[PDB]
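Notes follow the structure.
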Amino acid sequence: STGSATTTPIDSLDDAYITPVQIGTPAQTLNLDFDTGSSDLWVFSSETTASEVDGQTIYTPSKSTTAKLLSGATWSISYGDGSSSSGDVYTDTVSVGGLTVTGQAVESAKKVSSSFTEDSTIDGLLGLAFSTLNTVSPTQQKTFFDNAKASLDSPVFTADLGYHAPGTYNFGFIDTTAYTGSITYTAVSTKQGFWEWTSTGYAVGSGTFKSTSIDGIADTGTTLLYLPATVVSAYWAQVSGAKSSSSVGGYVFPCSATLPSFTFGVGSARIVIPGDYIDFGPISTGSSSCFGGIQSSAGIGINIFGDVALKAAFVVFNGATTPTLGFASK
Ligand SMILES: O=C(CNCc1ccccc1)Nc1scc(-c2ccccc2)c1C(=O)NCc1ccccc1
């Protein structure tokens with residue numbers, strides 16, 4: 001089997017991408033944030049505290065004839081922004097572009113934190129990291145990809161995120177028309193539960209490529225590109241007036257600037273992020289100070305190749321017995 005679905009930016013800055021997902025019988029369609037940095041499929045629901053729902057579409061398990069409460073199961077997650085959610089668990093039928101998994105754990109939110117409530121465009125997350133990170137207790141549950149993978153023509157999914165435009169998630173096949181040149185595959189460590197790999201270096205604009213190992217994760221659920229402070233300083237040094245602001249919480253730059261590209265290495269291959277991808281607009285409405293799309297990972301503990309990086313590439317998440325990651329230019 002295979003599946004394909006279009007993924008769409010939630011706003012004009014590409015802060016995140018949402019992909020429609022069918023849950024239950026009859027189908028309830030929710031727009032989920034496909035997240036290769038986490039492993040829970042969780043949704044706003046009829047059980048979510050009413051005050052914490054503000055425009056999201058909810059899953060109502062009582063209206064699904066295939067929903068079954070998973071007895072005694074709960075879940076609870078927190079993310080790096082201090083945001084969180086928790087609730088109970090149903091199994092139900094879940095489909096992405098007709099690719100169907102029966103018995104998928106659907107984690108129904110009883111509580112969500114303010115950042116989720118305040119974002120009306122995201123009805124939940126669909127995790128695509130490794131199932132070792134799934135938070136369901138006392139019995140850990142499998143991701144949608146793990147449940148689907150044996151049925152797929154090939155045990156893979158691909159992310160083709162657009163810059164200020166829709167893109168595509170494919171499951172089970174490689175669309176060889178979606179990229180240029182060849183796909184360069186690179187080794188993955190699953191020890192922390194992520195699609196963790198090692199970039200071979202970087203360049204800023206037309207500058208000299210620096211060969212240096214940069215360990216990080218391919219994370220579709222993170223907006224920006226988080227890299228070591230030395231690398232990030234090298235980038236922003238090329239933008240007149242750019243500086244790290246403690247109060248804002250990262251590098252800001254004059255909105256009138258033209259941003260240079262940023263290149264990262266995948267083996268001997270090179271992925272070029274155009275400068276415009278690195279502009280996240282005014283820090284507050286009407287400001288002429290703009291927020292940078294490349295930021296320091298110093299306080300994170302891990303580098304994150306988030307959407308800023310991934311959207312410059314066609315990315316293969318290869319879930320063979322020994323997983324690997326593939327990157328191609330596009
Ligand atoms: O958690 C993820 C992937 N899920 C991102 C997500 C999606 C929707 C809503 C909320 C979050 N990736 C990882 S791995 C490690 C971190 C991290 C980040 C900051 C501090 C400590 C750990 C993050 C993460 O939270 N990414 C999103 C993010 C939020 C705020 C600031 C930077 C990055």
Side-chain angles (χ1 to χ4, degrees), residues 9 12-15 159-165 167 178-184 186 197-220 222-246 248-283 287-300 302-315 325-330:
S12 65
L13 297 175
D14 296 350
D15 282 320
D160 178 6
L161 305 179
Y163 165 70
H164 291 4
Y179 56 87
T180 60
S182 74
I183 304 174
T184 296
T186 197
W197 65 289
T198 304
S199 176
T200 47
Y202 71 94
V204 177
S206 60
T208 301
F209 186 84
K210 175 72 173 183
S211 297
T212 187
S213 296
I214 305 174
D215 294 346
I217 65 168
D219 187 358
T220 57
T222 290
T223 312
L224 307 186
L225 172 52
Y226 295 90
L227 292 170
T230 55
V231 179
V232 176
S233 180
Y235 179 81
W236 289 110
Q238 298 303 312
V239 180
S240 186
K243 192 154 80 176
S244 181
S245 164
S246 175
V248 176
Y251 281 86
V252 296
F253 67 95
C255 295
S256 62
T258 299
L259 299 181
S261 63
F262 183 88
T263 297
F264 65 93
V266 183
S268 66
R270 308 287 179 255
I271 300 295
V272 181
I273 305 170
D276 288 352
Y277 290 26
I278 297 163
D279 171 20
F280 281 75
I283 60 170
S287 181
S288 66
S289 183
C290 274
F291 196 63
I294 296 176
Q295 296 293 348
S296 180
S297 66
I300 300 177
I302 199 165
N303 299 304
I304 307 176
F305 294 87
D307 298 335
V308 164
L310 302 184
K311 75 183 159 195
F314 177 88
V315 187
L325 273 171
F327 290 84
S329 296
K330 69 190 186 188

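One-based numbering along the sequence shown. Every heavy atom of this structure was used, including side-chain atoms; hydrogens, water molecules and symmetry mates were not.
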When you compare the side chain of [Y] with that of [X], does any pair of heavy atoms fall below 4.5 Å?
X	Y	answer
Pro228	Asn303	yes
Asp160	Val315	no
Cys290	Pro282	yes
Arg270	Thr200	yes
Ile217	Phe305	no
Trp236	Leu259	yes
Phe291	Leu224	yes
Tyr226	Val232	no

**Trace of the side-chain contact (heavy atoms from CB on, under 4.5 Å) decision for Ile273 with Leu225** = CA-CA 10 Å; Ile273 305 170; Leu225 172 52; 3.7 Å; yes
**Message:** With side-chain contact (heavy atoms from CB on, under 4.5 Å) as the criterion, how do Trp197 and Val266 come out once you've worked through the C-alpha distance, each side chain's angles and the decisive distance to 0.1 Å?
**Reply:** CA-CA 9 Å; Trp197 65 289; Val266 183; 3.9 Å; yes
**Asked** If you look at every heavy atom in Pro254 and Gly241, which pair is closest and at what distance?
**Response**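 Shortest heavy-atom separation between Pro254 and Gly241 comes out as CD-C, 3.8 Å.
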**Residue pair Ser245 / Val252: nearest heavy atoms and the distance that separates them** =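 Heavy atoms only, the tightest pair is CB-CG2, 4.4 Å.
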**Item:** Verdict with supporting geometry, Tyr251 and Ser233, side-chain contact (heavy atoms from CB on, under 4.5 Å)
**Value:** CA-CA 9 Å; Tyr251 281 86; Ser233 180; 3.9 Å; yes
Euclidean distance, [Y] [atom2] relative to [X] [atom1], rounded to 0.5 Å:
X	Y	atom1	atom2	answer
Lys330	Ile183	NZ	CD1	12.0 Å
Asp307	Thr222	CG	OG1	7.5 Å
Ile278	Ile294	CD1	CD1	3.5 Å

**Item:** Test log, rule side-chain contact (heavy atoms from CB on, under 4.5 Å), inputs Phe264 and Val231
**Value:** CA-CA 11 Å; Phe264 65 93; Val231 179; over 6 Å; no
**Message:** Can you list everything that forms a ring-ring contact (aromatic ring centres under 6.0 Å, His included) with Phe314? Sequence neighbours excluded, please.
**Reply:** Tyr179
**Request:** Could you tell me which residues satisfy ring-ring contact (aromatic ring centres under 6.0 Å, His included) with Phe209, sequence neighbours excluded, listed by chain and number?
**Result:** none
**Prompt:** side chain to side chain donor-acceptor pair (under 3.5 Å): which pairs involve residues 207-218, sequence neighbours left out?
**Reply:** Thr198-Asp215
**Message:** Ring centroids only, cut at 6.0 angstrom: are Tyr202 and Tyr235 within range, meaning strictly under it?
**Reply:**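 No - the distance between ring centres of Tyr202 and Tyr235 does not fall below the 6.0 Å cut-off.
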